[PDB]
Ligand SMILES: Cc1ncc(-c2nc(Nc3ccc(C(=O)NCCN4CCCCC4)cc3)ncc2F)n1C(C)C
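Only one chain is included here, represented as C-alpha cells and corresponding to the form deposited without this ligand.
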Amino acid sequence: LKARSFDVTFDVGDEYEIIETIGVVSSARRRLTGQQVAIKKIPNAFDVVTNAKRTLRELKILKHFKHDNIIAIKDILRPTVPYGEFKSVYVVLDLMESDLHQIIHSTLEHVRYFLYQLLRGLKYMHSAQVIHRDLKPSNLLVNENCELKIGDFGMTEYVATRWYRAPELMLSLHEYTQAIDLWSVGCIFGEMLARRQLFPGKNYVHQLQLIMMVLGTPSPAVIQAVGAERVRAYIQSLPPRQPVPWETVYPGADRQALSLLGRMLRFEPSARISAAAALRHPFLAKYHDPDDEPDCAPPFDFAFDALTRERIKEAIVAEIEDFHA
C-alpha cells in the first residue's frame, strides 16, 4: 500500500504523492482532496539514546495540541514495516509556504496580526504546561495569508546563536517561568519593528552588555532575586545606567507597541507579563478575539519523560496505533 522512492528514498503510503522536497521535509497532495500537506520523515531516530526519546516527546506533543497557531498532525502513517526493521516514522503536517525568518529583515498592521497569533498559540501551549524554551523567527511558520503556526518545541557545544533567549535561560540569573517565551516574542517584536536585530551578542559577555543598554541597569529587588553571587556582584558593580527610554528607542513605533515592548522585555519573570495578560493589551484592539484563545483542556502528560530503551522504539508503536486506535 506504499511506494518508493526518491529523493531520497522514502515510502509515502500512496494516499499522497508528488512528493517534491521542500527540504527532511517534503510537500505532498493527499489523493482524497486534502490538498497540500507537509510530510516530515525521521532519518534514524532509533540510532541512539536521546534522538529516540526526543521523537517520542515530539510525537506525543504534536498530538496533544489542537490550536490554529500551533502545528499538529494531519495524519501519521505506519512507515509500513511489520516491526521487522521498523526504522523510521512519517508525520504529516499542514503545508506552510514560509517562516517568519525569511521575511523579517530589513507594518504596524502586519505585526499586530502576527504577534496576536504568536501569543494565542503561546497561551494554548503554556496551558498544557509545555514550553517551547526556544523561540526564533525560524520557528514561526508563516504563509500569506499571514496565518501563524508555532514550529518545533522544547529540547552543549556552543558558541551558538540565540538572541531571542531569555536572560534567565542563559546566564541563569535565577530559575524561570513560562514568561521566557515572551522575552523571545519581545525580541522578535522589535526586529520587525526596528527592522534590525535587538541583541546581537558576540556571547553572554557581549550579549548582557548589549541587552544592558535598552532595559538599563537593575537596582530594584531584581538583584538578590538573582541566583548570583557573582552575577549580583556584577550587576551592582556595573554603573546603574538609567532606564527605560522606550519612546526614544523606537521612533517608528506607536506608544502602544512601545508599551507592549516594555512589559514584554523585563528582567524579572515574576514581574514580566504573561501570554494571557499580553493578549489583553490594547495593541490587539483590531484583532482581539477572546474566542480564539483556548486553553488545553487537560495538562500534557510527560509520564515516560535509562528511561528507557527499545521500549521507546516500542512505545512509539502505541501511537501510530493510538492515532488509528
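If you superpose the two forms and keep the largest set of C-alpha atoms that fall within 1.5 Å, you have the rigid core. For every residue, the number given is its place in the sequence shown, counted from 1.
Gap between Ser106 and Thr107: 4 to 9 deposited residues without coordinates.
In the deposited entry, the stretch joining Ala160 to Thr161 is continuous, with no residue of the deposited sequence left without coordinates. Looking at 111-119 and 168-176 together, the entry lists the larger mean B-factor for 168-176, computed on C-alpha atoms.
Annotation for 210-218 versus 136-144: the higher mean temperature factor (C-alpha) is found in 210-218. If you compare the C-alpha temperature factors of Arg31, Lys66, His281, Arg263 in the entry, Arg31 comes out highest. Out of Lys74, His126, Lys87, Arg230, it is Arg230 whose C-alpha atom has the highest B-factor in the PDB entry. In this PDB entry, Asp301 carries a Cα temperature factor that places it within the highest third of its chain's modelled residues. Annotation for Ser184: CA B-factor lies in the lowest third of the chain's modelled residues.
Compared with the other modelled residues of the chain, the Cα B-factor recorded for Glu17 ranks in the lowest third. Compared with the other modelled residues of the chain, the Cα B-factor recorded for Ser274 ranks in the middle third. Ranked against the other modelled residues of its chain, the C-alpha B-factor of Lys286 as given in the entry falls in the highest third.
Another form, the form deposited with this ligand bound, is not on view; read the next lines as being about it.
When contacts are judged by a 4.5 Å heavy atom cut-off, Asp99 counts as touching this ligand in the bound PDB entry. None of the heavy atoms of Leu135 is located within 4.5 Å of this ligand in the bound PDB entry. The shortest heavy atom separation between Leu182 and this ligand in the bound PDB entry exceeds 4.5 Å.
With a 4.5 Å cutoff on heavy atoms, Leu279 does not count as touching this ligand in the bound PDB entry; it lies far away. In terms of contact with this ligand in the bound PDB entry, the residue from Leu198, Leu93, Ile223, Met192 that brings a heavy atom within 4.5 Å is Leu93. Checked against this ligand in the bound PDB entry, the residues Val111, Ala253, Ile71, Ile235 give one hit for a heavy atom within 4.5 Å, which is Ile71. Checking 287-295, 267-275, 32-40, 253-261 against this ligand in the bound PDB entry, the stretch whose residues place heavy atoms within 4.5 Å of it is 32-40. Using a 4.5 Å cut-off on any heavy atom, the residues of 116-150 that reach this ligand in the bound PDB entry are, in sequence order, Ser138, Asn139, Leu141. Here the two forms are overlaid on the core, and between the shown form and the other one the C-alpha of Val226 is the only one among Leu100, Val226, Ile71, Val91 to shift by 2 Å or more.
Relative to the superposed core, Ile235 shifts its CA atom by 2 Å or more between the shown form and the other one. After superposing the rigid core, the C-alpha of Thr217 moves by 2 Å or more between the shown form and the other one. With the core held fixed, the Cα of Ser138 is displaced between the shown form and the other one by less than 2 Å. Relative to this form, the distance between the C-alpha atoms of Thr161 and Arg120 is reduced by at least 3 angstroms in the bound PDB entry. The pair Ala277 and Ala225 separates in the bound PDB entry: their C-alpha atoms are at least 3 Å more distant from each other than in the form depicted.
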